[PDB]
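# What follows is a protein structure lacking sequence information:
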Ligand SMILES: C#CCN(C)Cc1nc([C@]2(O)CN[C@@H](c3nc(-c4ccc(C(F)(F)F)cc4)no3)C2)cs1
């Protein structure tokens, strides 16, 4: 089997991408944030504290003929920005782009933190990291991809995110029309539960390539590109007036600037992020200070190849017995 679904930016900045997901019988379609950096499928629901729901579409398990309470199971998760959610668990039929998993754990939120309430466009998350990170207790649950894998034509999914435009998540096949050149595959460590890999270095703009190993994770659920402070300083030093602002929380730059590209290494191959992809616009409405798309990982303890990086590439998440990651230009 295969599936294919379109993913769409939630706003003009590509702050996140949402993908429609069918849950239950008859189908209830919710727009979920596919997150290769976590492993829980959780939804706003008829159980979510009413004061914490503000425009989201909710899953109502009592209206699904295929929903079953996973008795005694609870879940609780936090994310890298400090946001969090928790609740109980149902199993139900879940379909993404024509690919169906029966008995998928659907984690129903009883509580969500303020940032989730405030994002009316995100109805929940669909985790695509390794199932060892799933938070369901006392019986840990598998991700949608892990449950689907044995049925797929090939044990893979691909992320083809757009720049200020929709893109595609495919399951079970590689669309050879969606990229240019070849896909370069690189080894993955699952030791932390992430799609963790080692970039071979970087370049700023038209500068020469710096060969250096950068461990990090491929994370579709993180907006920006977080790299070591040395690398990030070398990038922003090329932008007149760019500076790290503790009050804003990262590097800002004059909105009048044209940004240089940023290249990262995948083995002997290179992915080039155009400068425009690094522009996240005014820090507040009307400001002439703009927020940078490349930020330091120093405070978070892990380098994150988030959407800024991934949207410059066609990315293969290969969940074969020995997992790997593939990157192609597009
Ligand atoms: C700090 C630190 C050390 N480590 C935890 C950093 C890491 N952090 C992650 C992620 O938690 C998994 N992938 C990212 C992700 N964030 C979201 C998200 C968050 C908030 C909302 C909102 F604003 F709606 F509430 C929406 C989506 N979705 O995915 C972050 C992996 S490693």
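Looks like it came in fine. Residues are numbered from 1 along each chain as shown.
# what sits up against the helix or strand residue 117 falls within?
Residue 117 belongs to helix 114-118 when elements are defined using DSSP states H and E. For helix 114-118, contacts defined as CB atoms under 8 Å, 6 or more residues apart in numbering pick out 44, 52-54, 81-83, 85, 122. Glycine gets a C-beta too; all of them are placed from N, C-alpha and C.
# Quickly check: that helix near the ligand or not.
Yes: interface with the ligand: helix 114-118 contributes 115-116 (CB under 6 Å from any ligand atom).
# Can you point out the buried residues in that helix?
116-117 (16 or more other CB atoms under 10 Å).
# burial of residue 162, as a residue count?
16 (other CB atoms under 10 Å).
# part of a helix, is it?
No: counting by DSSP: H, G, I helix; E, B strand; the rest coil, residue 162 falls outside a helix, being coil.
# does residue 233 sit in a helix, a strand or a coil?
Applying three-state DSSP: residue 233 is helix.
# any idea how far it is from residue 312?
Remark: distance between residue 233 and residue 312 (CB to CB, to the nearest Å) = 21 Å.
# One more: residue 85?
Taking CB to CB, one finds residue 85 at 30 Å from residue 312.
# Which one's more surrounded, these two?
When neighbours are counted by other CB under 10 Å, residue 85 comes out ahead of the other of residue 85 and residue 312, with 26 against 23.
# Quick check: residues of this protein near the ligand?
Residues of the chain lying near the ligand (CB under 6 Å from any ligand atom): 16, 33, 35, 37-38, 79-81, 83, 115-116, 119, 122, 125, 219, 221-222, 300-302.
# again, 5 Å this time
Residues of the chain lying near the ligand by CB under 5 Å from any ligand atom: 35, 37-38, 79-81, 83, 115-116, 119, 219, 221-222, 300.
# Filter those down to the buried ones.
For those, a burial check counting by 16+ other CB under 10 Å picks out 35, 37-38, 79-80, 83, 116, 119, 219, 221-222.
# that older thread, what is the nearest of the residues of the chain next to the ligand to residue 275?
Of all those, residue 275 sits closest to residue 222, with 19.8 Å by CB to CB.
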